[PDB]
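As you go down the protein sequences, you meet chains U, E, A and G in turn.
Taking this note's numbering as reference, the numbering of the first sequence is continuous, increasing by one, and the terminal residue is 183.
Taking this note's numbering as reference, the numbering of the second sequence is continuous, increasing by one, and the terminal residue is 335.
Taking this note's numbering as reference, the numbering of the third sequence is continuous, increasing by one, and the terminal residue is 357.
Taking this note's numbering as reference, the numbering of the fourth sequence is continuous, increasing by one, and the terminal residue is 373.
Quick reminder that beta carbons are idealized off the backbone N, C-alpha and C, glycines included.
A short write-up of the structure that comes next.
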Amino acid sequence: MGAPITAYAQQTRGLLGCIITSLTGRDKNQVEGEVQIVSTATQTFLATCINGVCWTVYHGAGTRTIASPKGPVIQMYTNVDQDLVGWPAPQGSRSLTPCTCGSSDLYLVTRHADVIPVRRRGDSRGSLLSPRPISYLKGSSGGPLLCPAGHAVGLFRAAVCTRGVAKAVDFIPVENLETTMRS
Amino acid sequence: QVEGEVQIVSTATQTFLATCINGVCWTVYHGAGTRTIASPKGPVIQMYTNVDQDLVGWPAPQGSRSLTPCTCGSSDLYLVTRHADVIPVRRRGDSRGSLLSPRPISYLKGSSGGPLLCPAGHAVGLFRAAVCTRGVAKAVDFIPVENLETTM
Amino acid sequence: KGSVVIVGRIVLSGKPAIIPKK
Amino acid sequence: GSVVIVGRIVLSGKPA
Ligand SMILES: *[C@](O)(C(=O)NCC(=O)N[C@H](C(=O)O)c1ccccc1)[C@H](CC1CC1)NC(=O)N(CC1CC1)NC(=O)[C@@H](NC(=O)OCC(C)C)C1CCCCC1
Ligand SMILES: [Zn+2]
Ligand SMILES: [Zn+2]
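In C-alpha cells, the structure reads:
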C-alpha cells in the first residue's frame, strides 16, 4: 500500500440486521478492508486493523465483544486509560502497518471514506489544514491516521473543535498500541 | 451505483480525459474546444471556457462524483492516466512536475484532462500536456486547481 | 451488553479502475 | 460537435 491514498465505503448491514446480530453475536457476513465501520445499539464509529488486530476506541466499544461468524469474540486488549480495545482482526480483513518514517504530514480517513490532511503538532495531536464542521467527523472515532505511504500513525479519538468546527484532532499514536499489547 | 471522478471522453478527432472538481467536469480546451458535452437530454454547453488556461468546464455529467482540491501543498503528485495507471510525479513548480520514472509518451497519450493528485488523492491540478524529450515523457504540464477555482 | 457489529467498511487497498460497463 | 463520455474511472477502485 502507498499513495495516493484513496478510500471507498460499503454499507453491509442495516439498523435491524445490526440489532439482531448485536444480540445474537453471530455475524456470518463477508468481511473485507482495513477499516471496519462498527456499531452498537448506542453509537457507530470505526475500528482499524493494524498488524492482525482490529483496534477501536474504548469510549465506543466499551468492553463489548465483537460479533463474528463464530459467535461473540472477546477483546484481546482493553485499556481504559489509553482508550483502546482490540479484538482479533476478522478473517477477511487486511491490516495496515505502523508508520516508520516519522512523517509529520498525516491523513485522517473519515467514516465516509474521505481522506483529510492533518499536520502533526505533537505526539497525540495534529491540525486540519482545512477545518470541517464537527459533524463531518462524528462516527469517525477509531479511524486511522496515515502518513504519505498509507501506514498507521494513530487512531482518531476526539476532535478539538470550537464554535462547532473541528480545527484539530487528538489521536492515539500507534505506540500506545504497542504499550497496550505488552500490558 | 459506483460514480467516477474521471471521465474518459472523445471527439471525432481525439480521446482524452475530463475530471470533475467542485461540481464541474473540467478538461483541456485543446481537446474539447468549445464543443458541448453529450447528455441523455441533449448537448449541454460549457459553463466555463478559459481558452487562455487551456481549460473548459461543463456541468458534471451523470455517474460522476467530484474530486476535492488539495489543501496540503504536497509536492508528491500522482498522475492517473486514461488506463487508470498511476504515475508518481514530483512537482517542480506552479504548473510543472517531473515523472519519478520517465515513460514513453504513448503511455501518457490520451490522458490530458486527467487529474494530478496529492498523497491524499485530492486534486492538485489538471493534466495539460506531457513535456517529452525524444518520445520519452519525463515531465508534465498541468493547470493548478487554484486556476479552476478562480475560473469559477 | 450486546456485541459490536460490523455495519460496513472502508477500503484503502483499492486503486484507480475504469468502471466496467454493465 | 459534442464531447461524449466513453468511459469512467473510479479513483478508489470501488467495485460495482
Ligand atoms: C468518536 O467517538 C465518534 O466519532 N463517535 C461516534 C459518533 O459520533 N457516533 C454518533 C452516533 O452513533 O450517534 C454519530 C453521529 C453522526 C453521524 C454518525 C455517527 C468521537 C469523535 C467526534 C469528535 C467527532 N469522539 C468523541 O465523542 N469524543 C471522545 C472523548 C473522550 C475524548 N469526544 C469528543 O471528540 C468531543 N471533544 C472533546 O472531548 O474534546 C477534548 C479533547 C480530547 C480534544 C467532541 C464531541 C462532538 C461535539 C464536540 C465535542
Ligand atoms: Zn510512514
Ligand atoms: Zn493534498
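- Within 9 Å of the CB of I362/G, no CB atom of chain A is found; the nearest one sits about 11 Å away.
- Around the beta carbon of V363/G, fewer than 16 other beta carbons lie within 10 angstroms, which makes this residue exposed.
- For the pair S359/G and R265/E, the CB atoms are not nearer than the 8 Å cut-off.
- Interface criterion met: the Cβ of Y8/U is under 8 Å from a Cβ in chain G.
- Residues of the region 218–230 of chain E with a C-beta less than 7 Å from any C-beta of chain G: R218, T219, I220, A221 and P226, listed in chain order.
- For a Cβ distance threshold of 8 Å, residue set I191, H266 and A267 of chain E lies close to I353/A, ordered along the chain.
- Look at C18/U: its beta carbon is at least 7 Å from all of the heavy atoms in ligand 3.
- Annotation for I134/U indicates a beta carbon within 7 Å of some heavy atom of ligand 1.
- At a cut-off of 8 Å between C-beta atoms, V80/U does not count as an interface residue with respect to chain A.
- Around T251/E, the same chain offers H305 and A306 as residues with beta carbons nearer than 7 Å, after the five sequence neighbours per side are excluded.
- In this structure, ligand 1 has a non-hydrogen atom nearer than 7 Å to the beta-carbon of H59/U.
- In this structure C99/U touches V174/U by the C-beta definition: roughly 7 Å separates them, less than 8 Å.
- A215/E sits in a helix when the DSSP states are folded into three classes.
- Following the DSSP letters along the chain, one finds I50/U in no alpha helix (DSSP H) but inside the beta strand (DSSP E) bounded by residues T44 to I50.
- With a cutoff of 7 Å, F171/U does not count as near ligand 1, since its C-beta is closer than that to no heavy atom of the ligand.
- Listed by position along chain A, the residues whose Cβ is nearer than 9 Å to that of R94/U are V346, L347 and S348.
- By the rule that beta-carbons nearer than 8 Å mark a contact, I134/U does not touch chain E.
- Within chain E, no C-beta atom comes nearer than 7 Å to that of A152/U; the closest sits roughly 15 Å away.
- For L262/E, the secondary structure class from DSSP, reduced to helix, strand or coil, is strand.
- Using a CB distance cut-off of 8 Å, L129/U counts as an interface residue toward chain E.
- Per the C-alpha coordinates, the member of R119/U, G142/U and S141/U positioned closest to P131/U is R119/U.
- Listed along the chain, the chain G residues whose CB falls inside 7 Å of the CB of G187/E are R365, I366 and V367.
- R365/G is bridged by DSSP to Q190/E.
- In the DSSP assignment, the residues bridged to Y8/U are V346/A.
- Taking 8 Å as the cut-off, the beta carbon of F310/E is found closer than this to the beta carbon of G296/E.
- In this chain, the beta strand (DSSP E) harbouring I270/E covers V269 to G276.
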